[PDB]
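All remarks here apply to the structure that follows.
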Amino acid sequence: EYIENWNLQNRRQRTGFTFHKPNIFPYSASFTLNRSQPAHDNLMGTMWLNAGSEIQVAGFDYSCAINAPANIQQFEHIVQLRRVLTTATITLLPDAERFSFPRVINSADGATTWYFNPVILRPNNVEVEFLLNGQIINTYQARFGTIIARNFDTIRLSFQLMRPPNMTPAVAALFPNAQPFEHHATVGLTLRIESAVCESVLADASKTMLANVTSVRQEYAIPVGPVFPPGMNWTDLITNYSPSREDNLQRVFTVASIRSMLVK
Amino acid sequence: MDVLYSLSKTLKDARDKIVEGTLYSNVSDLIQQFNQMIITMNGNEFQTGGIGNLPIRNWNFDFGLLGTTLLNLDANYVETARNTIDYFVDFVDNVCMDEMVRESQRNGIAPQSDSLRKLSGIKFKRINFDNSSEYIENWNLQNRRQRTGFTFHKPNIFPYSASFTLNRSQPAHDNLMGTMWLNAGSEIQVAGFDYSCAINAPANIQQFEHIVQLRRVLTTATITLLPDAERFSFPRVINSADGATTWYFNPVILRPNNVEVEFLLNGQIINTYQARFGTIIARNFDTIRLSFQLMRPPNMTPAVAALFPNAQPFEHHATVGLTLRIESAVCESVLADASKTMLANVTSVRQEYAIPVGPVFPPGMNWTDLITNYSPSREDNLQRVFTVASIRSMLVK
Amino acid sequence: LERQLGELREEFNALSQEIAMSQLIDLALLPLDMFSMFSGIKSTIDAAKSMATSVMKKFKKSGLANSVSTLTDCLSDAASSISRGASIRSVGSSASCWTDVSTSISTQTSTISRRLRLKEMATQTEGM
Amino acid sequence: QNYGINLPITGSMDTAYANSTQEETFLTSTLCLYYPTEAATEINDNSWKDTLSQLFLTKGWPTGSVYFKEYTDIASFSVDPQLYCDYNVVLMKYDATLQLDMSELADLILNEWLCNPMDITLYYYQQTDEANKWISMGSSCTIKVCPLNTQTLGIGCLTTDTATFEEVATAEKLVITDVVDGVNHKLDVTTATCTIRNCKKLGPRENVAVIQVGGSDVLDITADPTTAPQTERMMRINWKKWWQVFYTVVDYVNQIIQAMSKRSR
Amino acid sequence: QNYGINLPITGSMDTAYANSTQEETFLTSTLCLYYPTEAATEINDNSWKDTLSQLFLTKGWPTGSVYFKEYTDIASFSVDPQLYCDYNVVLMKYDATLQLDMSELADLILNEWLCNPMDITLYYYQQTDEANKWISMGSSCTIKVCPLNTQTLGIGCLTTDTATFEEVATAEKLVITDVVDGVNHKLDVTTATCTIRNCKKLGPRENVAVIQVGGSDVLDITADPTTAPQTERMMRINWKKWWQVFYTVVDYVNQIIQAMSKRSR
Amino acid sequence: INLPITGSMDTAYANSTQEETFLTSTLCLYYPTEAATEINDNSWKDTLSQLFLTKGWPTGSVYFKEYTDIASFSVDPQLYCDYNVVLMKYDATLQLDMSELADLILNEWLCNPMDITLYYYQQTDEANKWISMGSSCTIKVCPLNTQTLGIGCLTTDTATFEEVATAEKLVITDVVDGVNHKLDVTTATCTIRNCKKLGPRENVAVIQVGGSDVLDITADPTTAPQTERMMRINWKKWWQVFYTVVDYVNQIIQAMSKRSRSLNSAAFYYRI
Ligand SMILES: *[C@@H]1O[C@H](CO)[C@@H](O)[C@H](O)[C@H]1NC(C)=O
Ligand SMILES: *[C@@H]1O[C@H](CO)[C@@H](O)[C@H](O)[C@H]1NC(C)=O
Ligand SMILES: *[C@@H]1O[C@H](CO)[C@@H](O)[C@H](O)[C@H]1NC(C)=O
Ligand SMILES: [Ca+2]
Ligand SMILES: [Ca+2]
Ligand SMILES: [Ca+2]
Ligand SMILES: [Ca+2]
Ligand SMILES: [Ca+2]
Ligand SMILES: [Ca+2]
Ligand SMILES: [Ca+2]
Ligand SMILES: [Ca+2]
Ligand SMILES: [Ca+2]
């Protein structure tokens with residue numbers, strides 16, 4: 001496949017590398033607060049962990065949408081990939097896991113901390129839009145499970161947190177009309193790119209070319225190069241997927257596959 | 001279909017092997033085969049498209065054979081080969097795109113995209129080179145009926161179902177006993193919850209059982225079974241059955257006792273597992289029965305005894321969970337996976353060329369609604385379109 | 001009026017089958033205005049009141065009229081600010097007001113057809 | 001339309017939340033306040049009930065749905081209560097010297113009891129679990145109990161000499177007695193004035209709501225001393241007048257009806 | 001430095017916890033105590049302030065960062081409390097007869113109220129939400145209310161005969177009134193010796209800290225009778241002297257200031 | 001419960017719930033003062049209990065509740081037991097009273113209160129009736145016309161009203177369902193309630209000790225049914241009656257069944 005796509009690129013044509021669970025997202029765990037205070041006691045925001053082939057996003061409101069209009073709060077996350085993808089097979093699920101238990105997180109400036117005690121609800125008005133050049137391509141509303149995306153450079157996940165209008169006592173005692181708010185309503189979404197195809201070269205959970213490269217470099221103690229970062233940290237090497245880096249990466253991956261065909 | 005596979009395979013092997021400087025002793029056979037195919041094609045005029053945004057293209061084949069005088073290759077040979085191969089490749093791609101989109105309930109195995117009905121003739125039979133892939137091998141076996149098999153890694157056989165069942169319910173939803181389950185793709189996360197920690201139950205024990213019934217048999221399945229299901233192990237606000245009101249769910253995870261996992265086949269038991277966690281096997285099964293129990297700890301420390309009182313409030317609900325992931329599997333029929341792109345190719349083609357909904361596939365080809373009803377006609381059409389999608393992927397991924 | 005109304009229910013449930021089909025289809029293509037409906041009373045019994053007003057002062061308190069007003073106000077507020085459209089949680093690709101699900105496919109379709117009950121008396125029809 | 005059967009129910013999670021059943025449950029239900037005579041005394045008015053009803057009318061509760069039922073005293077109310085409405089609210093005055101009395105009243109009304117009768121003169125009774133208690137109502141109950149041994153002899157008491165018994169209640173209007181579970185007791189009771197019944201505590205009653213108008217929350221519903229819990233329908237206010245209390249109840253009635261839910265039985 | 005606006009903030013999860021701002025916040029901030037006259041009375045010392053200052057100096061708080069501000073009584077303190085410091089502490093004695101006033105004081109100082117004025121002679125006022133209350137300060141406030149109907153007529157009261165109005169306060173120095181939200185009220189008030197202000201309770205003030213000295217925790221800040229919460233800056237102690245209390249405060253002043261947080265507004 | 005139930009005809013008849021329902025249920029007899037008087041004994045209750053103890057019913061399950069008279073018993077009957085047996089003496093002059101008693105206890109009523117003075121009520125169906133209890137009830141009724149005026153009676157002159165009950169302790173009244181009545185009742189001495197008749201109460205068992213079976217529960221004079229739990233003995237004494245009851249208690253409990261609707265101590269449900 002690698003030498004074939006090499007010969008294709010030399011004889012310019014539409015290539016393709018079939019990836020299973022591609023590590024295309026750089027490790028990014030981070031939050032965004034749209035209503036904040038110094039004491040961090042009534043917050044509204046969204047938290048996302050984009051790691052390897054998966055994303056886990058979650059929108060949290062400490063007031064459970066009591067002051068908002070129509071008892072609803074909107075959350076949106078726009079992931080803008082570095083390279084295009086096609087025939088992506090994706091698994092979308094609700095109630096993201098790692099943002100679903102008690103937590104003690106530092107603020108932006110790392111000066112003070114704040115507590116986070118979530119209560120998971122379902123995301124309503126959920127809309128997943130796979131876009132390419134800003135033109136929407138694929139749209140899904142309330143469809144969970146195994147889905148497909150045919151061509152996309154951007155993903156937009158837009159969901160809502162809706163206060164249940166009818167509530168039993170045990171859950172009404174958790175969402176009072178006062179500021180303390182010791183239970184914070186949350187709505188989560190997990191999204192894993194199980195398989196896909198790409199006109200460029202990446203890393204996966206199936207192939208060892210990247211590991212052979214990095215092992216060679218760690219073994220023979222190569223100085224930092226002008227192009228690749230030190231140690232070839234895939235995070236800082238996918239963050240800036242420039243054409244020089246892409247070419248050198250295709251090249252080293254190809255020769256690494258070639259070597260792996262002989263010595264394992 | 002065999003001729004389509006042979007076309008794609010010989011064209012792939014041609015674009016791979018036919019390169020400058022190489023030795024004719026390595027591609028003499030493939031060149032004789034290419035010339036034979038050219039002879040079998042020359043004199044025919046095919047058509048492709050006309051459903052949706054697919055353009056209506058007419059293919060005429062008038063080419064010249066490749067000489068066998070040479071003993072080494074050169075650019076004035078490779079370039080001729082390429083200018084002859086590109087046309088066949090575009091033809092095969094358009095054929096596969098005109099075939100992935102058509103359906104029929106009456107003998108769906110029988111090919112649509114009538115150009116392919118023609119290529120299935122007896123004079124076109126001289127093109128079969130090797131039916132070496134898994135899909136074409138199983139196709140041939142089915143045509144000559146025999147025990148087939150498709151091997152899968154993390155197959156998507158479970159339709160997305162996320163639902164509960166309460167065997168003791170109340171309007172105020174304050175003392176409940178029930179089971180929640182999420183069955184999605186290759187994973188089953190089940191959890192039996194009791195709000196009273198089995199205080200009024202006999203022997204301080206509460207049973208829980210989850211029966212799953214697969215729509216297609218599986219064999220040689222490798223399974224990863226662990227306790228303490230994760231997605232039902234945090235606070236939650238869930239709706240009622242009729243959806244009017246909501247109730248709260250604050251879980252506290254314990255360990256399953258008297259656990260028993262039974263993989264059954266036609267109601268008879270095949271494999272049984274008592275308290276074995278980790279990597280296990282299941283050799284033949286259309287049904288799964290996960291039966292566990294919640295046993296009240298007879299000896300309890302103060303901090304935990306202060307959570308399960310003898311009275312109704314019950315502000316912590318004892319749960320017992322189980323995750324079960326089918327890592328590998330083998331199936332007589334065709335499914336989807338986390339490794340292959342056939343379904344992605346099909347659905348993408350259909351979304352791109354705006355194919356209307358047909359009498360067989362659901363709208364957008366959603367795997368949930370397409371696995372929930374896996375009737376023989378749907379299975380046949382699915383096998384057909386997956387096979388030709390694999391054929392197309394062998395060349396254009 | 002419970003016993004009289006039950007007697008009239010019985011009269012309807014015994015005349016219903018005595019009604020004909022051909023002449024009923026012939027009558028269902030008639031713009032039977034107020035006068036056409038209230039002039040042909042059996043005997044115009046005794047110098048009756050304005051029957052249009054008499055029926056309307058009960059008509060505009062009921063489920064039908066209140067649902068009309070609700071459809072009105074839920075298109076109005078939705079067109080005014082984006083909270084109601086965004087809240088009604090349609091299936092997707094638009095929510096003006098109509099695609100609303102108060103309460104799977106069966107459920108959505110029934111909930112939508114109980115709103116399509118107003119398409120008849122909204123002039124959004126073409127047929128019978 | 002099956003009755004008396006407990007069947008497994010089933011649902012889903014992709015179902016959407018339905019509409020607000022408030023402003024219709026009010027019209028199709030009934031509400032009953034239980035205020036003390038001191039409230040009406042301090043108020044010194046005779047149109048306050050109609051005033052509160054016209055106020056409630058602004059919250060949604062119609063005129064002929066709300067009711068005010070007076071009770072002279074906590075103990076008089078405790079003497080044979082009959083709470084029969086679709087939503088009951090009770091305004092309870094705090095009194096240190098009535099702490100156990102208004103704890104037994106709370107444990108009696110907040111919960112739902114399955115009661116059988118008792119014939120002291122004939123049988124010797126015993127408790128099976130921590131829920132089969134003995135509740136005695138009347139004008140003045142004076143109860144004494146003798147536990148018996150394997151051979152139906154007394155333990156530190158004489159089956160004949162009534163005076164050797166262990167008096168557990170002295171001239172009380174409502175008693176809720178929990179004794180050692182697993183032994184046969186013999187009782188002396190002033191049956192002319194008080195009736196006692198063997199009652200097993202079932203799950204809670206969600207139809208009534210107690211509101212301690214004064215001091216700190218002391219009510220210990222659970223007879224066992226370890227838990228001492230506090231539920232949603234056990235509220236507290238601080239008071240210097242009663243008009244303010246009734247205005248507050250009215251303004252936060254929807255919170256009360258959210259904390260409460262109609263009866264299962 | 002975009003004031004008057006609110007923008008999305010952002011960050012990450014890889015940054016490490018920075019150094020301890022303690023031993024600097026004490027120096028660049030100020031601490032004001034509010035003790036009762038009974039404390040200095042029992043003490044009978046003139047240098048106890050310099051003593052507590054030299055003690056704070058060991059914990060880190062410098063000499064001229066500490067302030068003491070006496071108050072003869074809880075009601076005299078409730079009369080226009082002007083808390084202007086960077087960390088306020090308030091030692092509060094318990095009295096079962098003053099419970100409502102010392103709970104109104106808590107609901108007034110613990111929170112941050114947005115207060116608009118009020119003129120009773122001209123207008124008739126109504127509430128919109130459950131946090132838009134009417135707070136009356138002065139030496140002796142006697143407040144009476146008459147709700148009105150849709151057509152501007154009273155309900156159990158007459159718009160001329162002030163005697164028929166409903167009384168909620170009687171010679172109180174501080175009052176906090178909540179009424180039915182959706183109805184216009186006509187008011188009678190002793191405007192000469194009391195000022196009433198229509199205030200909306202915003203988010204809380206994290207700058208003060210109430211420390212009850214005596215009885216159990218009873219303060220129901222939230223006017224609605226469902227929460228009855230216990231905030232983090234609502235402390236309790238049991239006392240027999242005052243020197244022990246001040247030593248406790250000084251020894252645990254860091255936990256106090258961790259429970260408090262510099263204001264936002 | 002609105003859900004369905006499912007079963008199968010291949011299953012096996014399980015063991016007898018008898019000899020365990022006796023242990024986890026309670027029984028309660030209602031005998032007249034005449035019976036204790038004829039008996040002239042003080043330990044006959046403990047005797048009967050020791051006799052039940054052979055039939056399986058344990059010591060602390062059987063109860064006896066004396067009632068001075070049928071009418072005093074019909075006045076607010078509070079039946080709170082898992083199984084109730086009633087011994088009822090026949091009397092022609094009390095036929096209608098002991099038929100109203102039967103209609104009250106054998107059936108399960110859903111009652112609302114009735115304010116005579118401010119409002120006027122009507123009956124809708126043949127199961128919505130007006131039951132009045134107390135020491136001396138006297139009920140007069142005037143049905144009204146479409147324009148809220150009397151029919152053969154005057155809305156003011158209470159003597160013009162039509163008297164349906166005189167000097168009765170319990171009265172069950174069924175009037176023309178669909179007209180508005182104005183009532184005159186001794187509210188000070190008798191409270192009246194609009195009660196709908198739900199399905200039957202399988203917890204009680206009436207035993208007519210003397211005369212033939214005459215009780216016509218169903219107010220319509222077209223059924224005159226004889227339910228399973230409506231029994232008859234012929235008597236010349238009371239000891240033989242009690243021995244018969246004790247020796248054939250199993251058949252009685254086989255003819256009865258625990259309630260289905262809910263738990264309640266009185267003879268009816270209240271819904272305001
Ligand atoms: C649902 O509740 C909202 C808020 O009370 C109301 O505006 C809306 O009309 C309700 N829906 C219907 C169908 O009445
Ligand atoms: C923070 O604390 C560490 C350890 O006490 C110290 O080494 C460091 O210098 C401190 N930071 C600054 C800015 O002084
Ligand atoms: C039911 O009765 C049969 C026949 O006497 C007996 O064999 C069986 O053990 C009984 N069932 C039980 C659970 O004892
Ligand atoms: Ca008592
Ligand atoms: Ca006990
Ligand atoms: Ca003794
Ligand atoms: Ca005050
Ligand atoms: Ca208010
Ligand atoms: Ca007045
Ligand atoms: Ca009678
Ligand atoms: Ca007359
Ligand atoms: Ca009738």
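Chain lettering (A, B, ...) mirrors the order of the structure tokens, residue numbering begins at 1 for each chain separately, and ligand numbering begins at 1 in order of display.
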Expected selection as JSON, numbers by chain for ligand 10 within 6 Å, only C-alpha atoms and all ligand atoms: {"F": [96, 97, 168, 170, 171]}
Surrounding residues of residue 159 of chain B excluding itself and chain neighbours under 4 positions, 9 Å, only C-alpha atoms, as a list in words: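 Final neighbour list, sorted by chain and number: residues 145 and 146 of chain A; 183, 184, 185, 367, 368, 369, 370, 371 and 372 of chain B.
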Picked from segment 19-51 of chain F by DSSP as strand (DSSP E or B), as a ChimeraX atom specification: /F:27-32
Could you produce a table of the residues of chain F lying within 7 Å of ligand 11, with the nearest pair of atoms per residue and their separation in Å rounded to one decimal, using only C-alpha atoms and all ligand atoms, ordered by chain and increasing residue number, as a tab-separated table?
```
residue	atom	partner	partner_atom_place_in_ligand_line	distance
F:152	CA	ligand 11	1 (Ca)	4.9
F:153	CA	ligand 11	1 (Ca)	4.1
F:160	CA	ligand 11	1 (Ca)	4.2
F:161	CA	ligand 11	1 (Ca)	5.0
F:162	CA	ligand 11	1 (Ca)	5.4
```
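Identified as lying at most 7 Å from ligand 1 when counting only C-alpha atoms and all ligand atoms are the residues residues 70 of chain C; 19 and 20 of chain D.
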Surrounding residues of residue 188 of chain E excluding itself and chain neighbours under 5 positions, 10 Å, only C-alpha atoms, as number ranges by chain: E: 120-121, 142-146, 162-163, 165-167
Interface residues on chain F facing chain B, 12 Å, only C-alpha atoms, written as a ChimeraX atom specification: /F:1-3
Identify, counting only C-alpha atoms and all ligand atoms, the protein, DNA and RNA residues located within 8 Å of ligand 4, and give them as a PDB file with C-alpha atoms, in the first residue's frame.
```pdb
ATOM      1  CA  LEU D  98     -44.010  17.943  72.793  1.00  0.00           C
ATOM      2  CA  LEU D 100     -41.582  12.981  71.098  1.00  0.00           C
ATOM      3  CA  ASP D 101     -45.325  13.550  70.612  1.00  0.00           C
ATOM      4  CA  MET D 102     -44.823  15.485  67.370  1.00  0.00           C
ATOM      5  CA  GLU D 104     -44.646  10.123  66.715  1.00  0.00           C
ATOM      6  CA  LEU D 105     -47.248  12.186  64.844  1.00  0.00           C
ATOM      7  CA  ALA D 169     -46.428   5.570  78.424  1.00  0.00           C
ATOM      8  CA  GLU D 172     -50.401  10.239  76.348  1.00  0.00           C
ATOM      9  CA  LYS D 173     -52.830  10.839  73.497  1.00  0.00           C
ATOM     10  CA  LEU D 174     -50.689   9.068  70.869  1.00  0.00           C
ATOM     11  CA  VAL D 175     -48.073   6.389  71.562  1.00  0.00           C
ATOM     12  CA  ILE D 176     -45.928   4.497  69.049  1.00  0.00           C
TER      13      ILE D 176
END
```
Within 6 Å of chain A, which residues belong to chain E? Use only C-alpha atoms and report them as a PDB file with N, CA and C atoms, in the first residue's frame.
```pdb
ATOM      1  N   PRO E   8     -16.031  34.232  26.931  1.00  0.00           N
ATOM      2  CA  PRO E   8     -15.625  32.860  27.272  1.00  0.00           C
ATOM      3  C   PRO E   8     -14.162  32.811  27.684  1.00  0.00           C
ATOM      4  N   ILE E   9     -13.906  32.164  28.817  1.00  0.00           N
ATOM      5  CA  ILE E   9     -12.560  31.928  29.312  1.00  0.00           C
ATOM      6  C   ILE E   9     -12.170  30.521  28.874  1.00  0.00           C
ATOM      7  N   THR E  10     -10.863  30.268  28.780  1.00  0.00           N
ATOM      8  CA  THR E  10     -10.342  28.993  28.306  1.00  0.00           C
ATOM      9  C   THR E  10      -9.067  28.670  29.070  1.00  0.00           C
ATOM     10  N   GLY E  11      -8.671  27.399  29.017  1.00  0.00           N
ATOM     11  CA  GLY E  11      -7.483  26.946  29.709  1.00  0.00           C
ATOM     12  C   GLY E  11      -7.009  25.585  29.239  1.00  0.00           C
ATOM     13  N   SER E  12      -6.551  24.756  30.173  1.00  0.00           N
ATOM     14  CA  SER E  12      -6.053  23.422  29.859  1.00  0.00           C
ATOM     15  C   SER E  12      -6.026  22.614  31.151  1.00  0.00           C
ATOM     16  N   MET E  13      -5.539  21.373  31.048  1.00  0.00           N
ATOM     17  CA  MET E  13      -5.455  20.446  32.173  1.00  0.00           C
ATOM     18  C   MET E  13      -4.040  19.934  32.427  1.00  0.00           C
ATOM     19  N   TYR E  17      -0.299  23.120  39.653  1.00  0.00           N
ATOM     20  CA  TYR E  17      -0.804  24.015  40.685  1.00  0.00           C
ATOM     21  C   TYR E  17       0.303  24.965  41.124  1.00  0.00           C
ATOM     22  N   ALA E  18       0.004  26.260  41.136  1.00  0.00           N
ATOM     23  CA  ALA E  18       1.020  27.271  41.386  1.00  0.00           C
ATOM     24  C   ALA E  18       1.270  27.382  42.890  1.00  0.00           C
TER      25      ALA E  18
END
```
Contacts with ligand 8 at most 10 Å, only C-alpha atoms and all ligand atoms counted, listed as a ChimeraX atom specification: /D:247-248,250-252 /E:126-134,177-182,223-224
List as a Markdown table every residue of chain F that is in contact with ligand 3, defined as an atom at most 9 Å from one of its atoms (using only C-alpha atoms and all ligand atoms), together with the nearest atom pair and the distance in Å rounded to one decimal, sorted by chain and then rising number.
```
| residue | atom | partner | partner_atom_place_in_ligand_line | distance |
| --- | --- | --- | --- | --- |
| F:14 | CA | ligand 3 | 1 (C) | 6.8 |
| F:15 | CA | ligand 3 | 1 (C) | 4.6 |
| F:16 | CA | ligand 3 | 1 (C) | 7.6 |
```
I need the chosen residues saved as a PDB file, in the first residue's frame, with N, CA and C atoms.
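What follows is the written file selection_22.pdb:
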```
ATOM      1  N   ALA F  14     -49.401 -25.543  41.413  1.00  0.00           N
ATOM      2  CA  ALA F  14     -48.468 -25.482  42.523  1.00  0.00           C
ATOM      3  C   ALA F  14     -49.159 -25.882  43.826  1.00  0.00           C
ATOM      4  N   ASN F  15     -48.355 -25.996  44.879  1.00  0.00           N
ATOM      5  CA  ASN F  15     -48.834 -26.467  46.169  1.00  0.00           C
ATOM      6  C   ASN F  15     -49.841 -25.485  46.769  1.00  0.00           C
ATOM      7  N   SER F  16     -50.466 -25.920  47.859  1.00  0.00           N
ATOM      8  CA  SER F  16     -51.574 -25.197  48.469  1.00  0.00           C
ATOM      9  C   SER F  16     -51.052 -24.000  49.256  1.00  0.00           C
TER      10      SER F  16
END
```
12 Å contacts from chain B to chain C using only C-alpha atoms, as an MDAnalysis selection string: chainID B and resid 241:245 369
Keeping only N, CA, C and O atoms, write the selected residues as an mmCIF file, in the first residue's frame.
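Produced file again.cif, reproduced below:
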```
data_model
loop_
_atom_site.group_PDB
_atom_site.id
_atom_site.type_symbol
_atom_site.label_atom_id
_atom_site.label_comp_id
_atom_site.auth_asym_id
_atom_site.auth_seq_id
_atom_site.Cartn_x
_atom_site.Cartn_y
_atom_site.Cartn_z
ATOM 1 N N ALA B 241 -41.038 5.098 32.313
ATOM 2 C CA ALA B 241 -41.365 4.330 31.117
ATOM 3 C C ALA B 241 -42.109 5.194 30.107
ATOM 4 O O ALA B 241 -41.711 5.290 28.940
ATOM 5 N N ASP B 242 -43.195 5.833 30.540
ATOM 6 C CA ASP B 242 -43.962 6.739 29.691
ATOM 7 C C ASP B 242 -43.293 8.095 29.479
ATOM 8 O O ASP B 242 -43.885 8.955 28.817
ATOM 9 N N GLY B 243 -42.091 8.320 30.013
ATOM 10 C CA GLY B 243 -41.350 9.530 29.723
ATOM 11 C C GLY B 243 -41.856 10.801 30.373
ATOM 12 O O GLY B 243 -41.255 11.859 30.156
ATOM 13 N N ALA B 244 -42.939 10.746 31.152
ATOM 14 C CA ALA B 244 -43.507 11.967 31.720
ATOM 15 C C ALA B 244 -42.562 12.599 32.736
ATOM 16 O O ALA B 244 -42.139 13.750 32.576
ATOM 17 N N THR B 245 -42.216 11.854 33.784
ATOM 18 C CA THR B 245 -41.400 12.334 34.892
ATOM 19 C C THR B 245 -40.053 11.624 34.895
ATOM 20 O O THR B 245 -39.800 10.713 34.100
ATOM 21 N N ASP B 369 -31.068 -0.149 12.209
ATOM 22 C CA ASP B 369 -32.257 -0.600 11.497
ATOM 23 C C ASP B 369 -31.955 -1.652 10.434
ATOM 24 O O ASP B 369 -32.895 -2.293 9.952
#
```
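For the atom pair formed by atom CA of residue 288 of chain B and atom CA of residue 5 of chain D, the distance is 29.0 Å, given to one decimal.
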Site check for ligand 12: residues at most 6 Å away, only C-alpha atoms and all ligand atoms, as a ChimeraX atom specification: /F:123,126,129,174-177
So that each row is one residue of chain D with an atom at most 7 Å from chain F, can you give its shortest atom pair and the distance in Å to one decimal, using only C-alpha atoms, rows by chain and rising number, as a Markdown table?
```
| residue | atom | partner | partner_atom | distance |
| --- | --- | --- | --- | --- |
| D:1 | CA | F:2 | CA | 4.4 |
| D:2 | CA | F:1 | CA | 4.9 |
| D:3 | CA | F:1 | CA | 5.9 |
| D:4 | CA | F:260 | CA | 4.7 |
| D:84 | CA | F:270 | CA | 6.2 |
| D:85 | CA | F:272 | CA | 6.0 |
| D:114 | CA | F:263 | CA | 7.0 |
| D:116 | CA | F:81 | CA | 5.8 |
| D:122 | CA | F:46 | CA | 6.2 |
| D:123 | CA | F:60 | CA | 6.0 |
| D:125 | CA | F:60 | CA | 6.7 |
| D:265 | CA | F:262 | CA | 5.0 |
```
Neighbours of chain D in chain C at 12 Å, counting only C-alpha atoms, as a list in words: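 The selection requested is residues 87, 88, 89, 90, 91, 100, 101, 102, 103, 104, 105, 107, 108 and 111 of chain C.
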Okay, now the selection with N, CA, C and O atoms, as a tab-separated table (two decimals), in the first residue's frame?
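Everything below was put into out17.tsv:
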```
chain	number	residue	atom	x	y	z
C	87	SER	N	-36.21	24.55	21.22
C	87	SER	CA	-36.63	23.72	22.34
C	87	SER	C	-37.54	22.57	21.95
C	87	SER	O	-37.50	21.51	22.59
C	88	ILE	N	-38.36	22.73	20.90
C	88	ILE	CA	-39.33	21.70	20.53
C	88	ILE	C	-38.70	20.39	20.09
C	88	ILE	O	-39.40	19.37	20.03
C	89	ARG	N	-37.39	20.36	19.80
C	89	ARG	CA	-36.63	19.12	19.58
C	89	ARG	C	-37.21	18.30	18.42
C	89	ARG	O	-37.70	17.18	18.59
C	90	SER	N	-37.19	18.90	17.24
C	90	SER	CA	-37.66	18.22	16.04
C	90	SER	C	-36.73	17.06	15.68
C	90	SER	O	-35.68	16.84	16.29
C	91	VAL	N	-37.15	16.30	14.66
C	91	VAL	CA	-36.33	15.20	14.16
C	91	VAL	C	-35.03	15.73	13.56
C	91	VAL	O	-33.96	15.13	13.73
C	100	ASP	N	-42.72	18.90	16.29
C	100	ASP	CA	-42.55	18.90	17.74
C	100	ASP	C	-43.07	17.58	18.29
C	100	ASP	O	-44.06	17.03	17.78
C	101	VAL	N	-42.41	17.09	19.33
C	101	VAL	CA	-42.67	15.77	19.90
C	101	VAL	C	-42.80	15.94	21.41
C	101	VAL	O	-41.80	15.97	22.13
C	102	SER	N	-44.04	16.03	21.88
C	102	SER	CA	-44.32	16.14	23.31
C	102	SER	C	-44.42	14.77	23.97
C	102	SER	O	-43.94	14.59	25.10
C	103	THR	N	-45.03	13.81	23.29
C	103	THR	CA	-45.16	12.44	23.79
C	103	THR	C	-45.93	12.39	25.10
C	103	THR	O	-46.66	13.32	25.44
C	104	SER	N	-40.90	4.39	18.58
C	104	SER	CA	-40.30	5.72	18.47
C	104	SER	C	-40.83	6.44	17.23
C	104	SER	O	-41.38	7.53	17.33
C	105	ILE	N	-40.59	5.83	16.06
C	105	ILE	CA	-41.15	6.33	14.81
C	105	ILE	C	-42.66	6.47	14.93
C	105	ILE	O	-43.23	7.51	14.56
C	107	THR	N	-44.42	6.82	17.62
C	107	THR	CA	-44.71	7.91	18.55
C	107	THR	C	-44.63	9.26	17.86
C	107	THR	O	-45.55	10.08	17.95
C	108	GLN	N	-43.47	9.55	17.25
C	108	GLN	CA	-43.28	10.78	16.48
C	108	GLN	C	-44.39	11.00	15.46
C	108	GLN	O	-44.92	12.10	15.33
C	111	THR	N	-47.74	11.85	17.19
C	111	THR	CA	-47.64	13.21	17.71
C	111	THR	C	-47.72	14.24	16.60
C	111	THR	O	-48.27	15.33	16.80
```
